[PDB]
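These notes concern the structure reproduced below.
Taken together, the values in this text are just the output of simple stated rules run on the coordinates, not laboratory data. Reconstructed Cβ throughout: ideal geometry from the backbone, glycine too, with neighbour counts over all protein chains shown.
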Protein chains: 2
Amino acid sequence: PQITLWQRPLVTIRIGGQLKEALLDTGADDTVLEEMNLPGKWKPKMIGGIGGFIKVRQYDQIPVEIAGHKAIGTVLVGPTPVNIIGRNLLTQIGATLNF
Amino acid sequence: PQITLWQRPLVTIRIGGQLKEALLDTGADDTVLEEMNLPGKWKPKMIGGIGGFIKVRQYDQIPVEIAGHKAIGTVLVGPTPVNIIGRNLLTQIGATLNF
């Protein structure tokens, strides 16, 4: 793809049966998706946000299919308002910022 | 440029005498820089963040020189931890996300 930023980079992603969209976001270090039912061992990690501390839970080698590319990344699942796909999975579908 | 995201997109920008760097960030709608001394009429705008409400102040047709391109954008100046150059100035140096 080639995405332009006239309007929030919302791309739809598939993660385990499950589809949904979230922002491609070079802001963030971490990918964080809304409460979903992933399988495996998970650690609990504390993320911040207006008020602050939110406990999401960290899944670890979770595949993600991002607007047709596959990738393996540590996804944090939890009470997030918006889906976000950090630099962490950015890196992997091999996104670059240009101009 | 072509930026890769193996590591936070920090690019150095110049805004009024003043240089500094901030993230290129397709996350954010708004560009927000740390307290600096811009000239003109400014409105006061309330931005959020772990705890929450921060009062920055909005300058309006402020030029920005981003890693050699010029642009005219509404910059919000205030107690921000990190410089950020929203989609708002992204758009203008004509950044795109790719892969």
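Some points to look at:
- Of residues in segment B:5-23 being of a type in the set (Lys, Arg) and more than 10 Å from every other protein chain (Cβ to nearest Cβ), the one surrounded by the fewest Cβ atoms within 10 Å (Cβ to Cβ): B:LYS20
- Scanning segment B:24-40 for residues that are within 14 Å of another protein chain (Cβ to nearest Cβ) and either among the small types (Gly, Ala, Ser) or buried (at least 16 other Cβ atoms within 10 Å of the Cβ) (or both), we see that the one that is nearest to B:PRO9 (Cα to Cα) is B:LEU24.
- Candidates A:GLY52, A:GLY48, A:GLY94, A:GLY68: the one that is touching a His at 6+ places or on another chain (Cβ under 8 Å) and exposed (fewer than 13 other Cβ atoms within 10 Å of the Cβ) is A:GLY94.
- Flag for B:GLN2 being within 14 Å of chain A (Cβ to nearest Cβ), without any contact (Cβ under 8 Å) to a residue 60 or more places away in the chain and within 28 Å of A:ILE47 (Cα to Cα): no
- Those residues of segment B:75-87 which are surrounded by fewer than 20 Cβ atoms within 10 Å (Cβ to Cβ) and at the interface with another protein chain (Cβ under 9 Å from one of its Cβ atoms), in sequence order: none
- Among the residues examined, B:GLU35 does not qualify as more than 30 Å from A:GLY48 (Cα to Cα) and acidic (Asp, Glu).
- No other residue among B:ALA95, B:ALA67 is within 28 Å of A:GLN92 (Cβ to Cβ), in contact (Cβ under 8 Å) with a residue 60 or more places away in the chain and more than 8 Å from every other protein chain (Cβ to nearest Cβ) apart from B:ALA67.
- Checking each residue in segment B:2-19 for being outside any strand (DSSP E or B) and under 15 Å from A:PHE99 (Cβ atoms) picks out B:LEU5, B:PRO9.
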